[PDB]
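Here's start_5.cif, which has mmCIF, C-alpha atoms; chains and numbers go by the auth columns:
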data_my_file
loop_
_atom_site.group_PDB
_atom_site.id
_atom_site.type_symbol
_atom_site.label_atom_id
_atom_site.label_comp_id
_atom_site.label_asym_id
_atom_site.label_seq_id
_atom_site.Cartn_x
_atom_site.Cartn_y
_atom_site.Cartn_z
_atom_site.B_iso_or_equiv
_atom_site.auth_seq_id
_atom_site.auth_asym_id
ATOM 1 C CA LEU A 1 87.325 72.227 96.246 0.00 24 P
ATOM 2 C CA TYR A 2 88.400 74.894 98.731 0.00 25 P
ATOM 3 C CA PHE A 3 86.139 77.467 96.943 0.00 26 P
ATOM 4 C CA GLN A 4 83.025 75.325 96.855 0.00 27 P
ATOM 5 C CA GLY A 5 79.980 75.662 99.135 0.00 28 P
ATOM 6 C CA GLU A 6 78.943 78.908 100.771 0.00 29 P
ATOM 7 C CA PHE A 7 80.667 81.626 102.797 0.00 30 P
ATOM 8 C CA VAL A 8 79.308 84.415 104.990 0.00 31 P
ATOM 9 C CA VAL A 9 78.825 87.747 103.199 0.00 32 P
ATOM 10 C CA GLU A 10 79.745 90.853 105.231 0.00 33 P
ATOM 11 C CA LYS A 11 78.729 93.681 102.830 0.00 34 P
ATOM 12 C CA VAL A 12 77.121 94.267 99.400 0.00 35 P
ATOM 13 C CA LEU A 13 79.055 97.188 97.867 0.00 36 P
ATOM 14 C CA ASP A 14 77.924 97.557 94.259 0.00 37 P
ATOM 15 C CA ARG A 15 75.927 96.064 91.372 0.00 38 P
ATOM 16 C CA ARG A 16 76.773 95.643 87.687 0.00 39 P
ATOM 17 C CA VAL A 17 75.525 93.899 84.568 0.00 40 P
ATOM 18 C CA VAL A 18 77.723 91.552 82.525 0.00 41 P
ATOM 19 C CA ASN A 19 76.346 89.659 79.489 0.00 42 P
ATOM 20 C CA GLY A 20 72.751 89.777 80.641 0.00 43 P
ATOM 21 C CA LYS A 21 73.513 88.749 84.212 0.00 44 P
ATOM 22 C CA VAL A 22 73.375 90.991 87.284 0.00 45 P
ATOM 23 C CA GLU A 23 76.381 90.672 89.611 0.00 46 P
ATOM 24 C CA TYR A 24 76.956 92.162 93.081 0.00 47 P
ATOM 25 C CA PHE A 25 80.358 93.181 94.515 0.00 48 P
ATOM 26 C CA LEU A 26 80.779 91.463 97.908 0.00 49 P
ATOM 27 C CA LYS A 27 82.974 91.901 100.958 0.00 50 P
ATOM 28 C CA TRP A 28 83.330 88.474 102.569 0.00 51 P
ATOM 29 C CA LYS A 29 83.245 88.096 106.361 0.00 52 P
ATOM 30 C CA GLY A 30 86.698 87.347 107.777 0.00 53 P
ATOM 31 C CA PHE A 31 88.480 88.471 104.610 0.00 54 P
ATOM 32 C CA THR A 32 90.073 91.789 103.654 0.00 55 P
ATOM 33 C CA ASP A 33 88.827 94.052 100.811 0.00 56 P
ATOM 34 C CA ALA A 34 91.501 92.484 98.612 0.00 57 P
ATOM 35 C CA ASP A 35 89.319 89.340 98.534 0.00 58 P
ATOM 36 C CA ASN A 36 86.183 91.124 97.415 0.00 59 P
ATOM 37 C CA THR A 37 84.514 89.491 94.401 0.00 60 P
ATOM 38 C CA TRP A 38 81.704 90.008 91.943 0.00 61 P
ATOM 39 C CA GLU A 39 79.107 87.239 92.101 0.00 62 P
ATOM 40 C CA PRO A 40 76.032 86.584 89.966 0.00 63 P
ATOM 41 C CA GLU A 41 72.533 86.808 91.497 0.00 64 P
ATOM 42 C CA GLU A 42 72.115 82.997 91.333 0.00 65 P
ATOM 43 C CA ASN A 43 75.103 82.643 93.760 0.00 66 P
ATOM 44 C CA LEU A 44 73.550 84.905 96.390 0.00 67 P
ATOM 45 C CA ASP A 45 71.552 84.327 99.540 0.00 68 P
ATOM 46 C CA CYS A 46 71.919 87.711 101.235 0.00 69 P
ATOM 47 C CA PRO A 47 68.637 89.503 100.542 0.00 70 P
ATOM 48 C CA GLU A 48 68.816 91.770 103.614 0.00 71 P
ATOM 49 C CA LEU A 49 72.265 93.013 102.599 0.00 72 P
ATOM 50 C CA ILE A 50 71.132 93.543 98.969 0.00 73 P
ATOM 51 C CA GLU A 51 68.074 95.486 100.186 0.00 74 P
ATOM 52 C CA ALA A 52 70.184 97.658 102.524 0.00 75 P
ATOM 53 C CA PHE A 53 72.647 98.383 99.697 0.00 76 P
ATOM 54 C CA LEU A 54 69.909 99.408 97.188 0.00 77 P
ATOM 55 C CA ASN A 55 68.121 101.546 99.839 0.00 78 P
ATOM 56 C CA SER A 56 71.467 103.252 100.633 0.00 79 P
ATOM 57 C CA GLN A 57 71.687 104.425 97.019 0.00 80 P
ATOM 58 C CA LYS A 58 68.121 105.914 97.199 0.00 81 P
ATOM 59 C CA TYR B 1 78.421 76.737 108.434 0.00 18 C
ATOM 60 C CA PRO B 2 76.227 79.583 107.218 0.00 19 C
ATOM 61 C CA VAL B 3 72.474 79.284 106.915 0.00 20 C
ATOM 62 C CA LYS B 4 71.711 82.917 105.936 0.00 21 C
ATOM 63 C CA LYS B 5 73.583 86.100 104.746 0.00 22 C
ATOM 64 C CA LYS B 6 75.718 83.892 102.498 0.00 23 C
ATOM 65 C CA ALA B 7 76.850 83.260 98.897 0.00 24 C
ATOM 66 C CA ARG B 8 78.638 80.753 96.726 0.00 25 C
ATOM 67 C CA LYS B 9 81.942 81.814 94.895 0.00 26 C
ATOM 68 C CA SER B 10 82.368 81.831 90.962 0.00 27 C
ATOM 69 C CA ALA B 11 85.870 80.601 92.008 0.00 28 C
ATOM 70 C CA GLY B 12 84.297 77.260 93.101 0.00 29 C
#

structure tokens encoding of this file:
Amino acid sequence: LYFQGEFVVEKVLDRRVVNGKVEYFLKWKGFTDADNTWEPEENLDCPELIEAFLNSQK
Amino acid sequence: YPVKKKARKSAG
């Protein structure tokens, strides 16, 4: 229950592919790096952060 | 509660 709903994303740090799904590595606002997680695209609503991350990589 | 720049956790 305590992990349901949505939380503010601070940073998008990386992207990977697992089993046909694209996941992004997130820093969550208010949390330390220790709480960073990988989340699948379908979980995300942070298109400006995703754009900024991809642009940052070239 | 967030309305933008947000995500749901796999943990939930």

Worksheet item: Quick one: which residues end up in the PyMOL selection byres ((chain C and resi 22) around 12) for this structure, as a list in words?
Response: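 For this structure, the PyMOL selection byres ((chain C and resi 22) around 12) resolves to residues 29, 30, 31, 32, 33, 34, 35, 49, 50, 51, 52, 66, 67, 68, 69, 70, 71, 72, 73 and 74 of chain P; 18, 19, 20, 21, 23, 24 and 25 of chain C.
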
Discussion item. From the options P:45, P:63, P:37, P:54, which residue's atoms come nearest to residue P:79, counting all atoms listed in the file?
Written reply: P:37

Practice prompt. State, in Å with one decimal place, the distance from atom CA of residue P:55 to atom CA of residue P:81.
Written response: 26.9 Å

Go ahead and fit an axis-aligned box to every listed atom of stretch 67-80 of chain P plus 3 Å each side, and pass me the centre and edge lengths in Å, one decimal, as lines of an AutoDock Vina configuration file.
center_x = 70.8
center_y = 94.4
center_z = 100.0
size_x = 11.5
size_y = 26.1
size_z = 13.2

Item to complete: Determine the nearest neighbour of chain C from the options P:26, P:76, P:47, P:61, counting only C-alpha atoms.
Response: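 Checking each candidate against chain C, we get P:26 as the closest.
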
Could you tell me which residues the PyMOL selection byres ((chain C and resi 28) around 10) returns for this structure, as a PDB file with C-alpha atoms, in the frame of the given file?
ATOM      1  CA  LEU P  24      87.325  72.227  96.246  1.00  0.00           C
ATOM      2  CA  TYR P  25      88.400  74.894  98.731  1.00  0.00           C
ATOM      3  CA  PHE P  26      86.139  77.467  96.943  1.00  0.00           C
ATOM      4  CA  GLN P  27      83.025  75.325  96.855  1.00  0.00           C
ATOM      5  CA  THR P  60      84.514  89.491  94.401  1.00  0.00           C
ATOM      6  CA  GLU P  62      79.107  87.239  92.101  1.00  0.00           C
TER       7      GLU P  62
ATOM      8  CA  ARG C  25      78.638  80.753  96.726  1.00  0.00           C
ATOM      9  CA  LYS C  26      81.942  81.814  94.895  1.00  0.00           C
ATOM     10  CA  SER C  27      82.368  81.831  90.962  1.00  0.00           C
ATOM     11  CA  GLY C  29      84.297  77.260  93.101  1.00  0.00           C
TER      12      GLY C  29
END

Item to complete: Go ahead and compute the interatomic distance for atom CA of residue P:39 and atom CA of residue P:58, in Å to one decimal.
Response: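 Between these atoms lies a distance of 17.7 Å.
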
Worksheet entry | Separation of atom CA of residue P:80 from atom CA of residue P:48, in Å and rounded to one decimal | 14.4 Å
